[PDB]
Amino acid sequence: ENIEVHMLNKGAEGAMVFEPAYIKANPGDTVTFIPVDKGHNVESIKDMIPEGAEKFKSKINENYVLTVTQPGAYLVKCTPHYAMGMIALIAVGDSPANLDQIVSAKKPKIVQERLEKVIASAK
């Protein structure tokens, strides 16, 4: 099935956000990213996607449909606003093997704080 995500300049958690920021899906599902405001895109983060999944990067302002195949956790960012915290976590299948690794990886402090919130309060 399909899960729709919006990219906004301002939302429930503050400025520059993906809503929802926690996406639960299964292999074969699609995630459709819709920039409701301009200036946003979606890009997989290096070493924060599962082992055999392909990297991806959309163009700014375009609607992008991601098909997810490999199970595991994926942290995606908005390229321009990553440093301002704009990320989302996609969890494919149950108990994603790489989730603790992604939570521990090096990333901006603001990113880390939002990630921690979404895993607690968004799961």
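Note that residue numbering follows the sequence shown and begins at 1.
Of the two segments, 87-95 and 46-54, the one listed with the higher mean B-factor is 46-54 (C-alpha atoms only). Comparing 55-63 with 71-79, the stretch with the higher mean C-alpha B-factor in the PDB entry is 55-63. In the PDB entry, a CA B factor belonging to the lowest third of its chain's modelled residues is recorded for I23. Ranked within its chain, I34 lands in the middle third, by CA B factor from the PDB record. Sort the modelled residues of the chain by CA B factor and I110 lands in the highest third.
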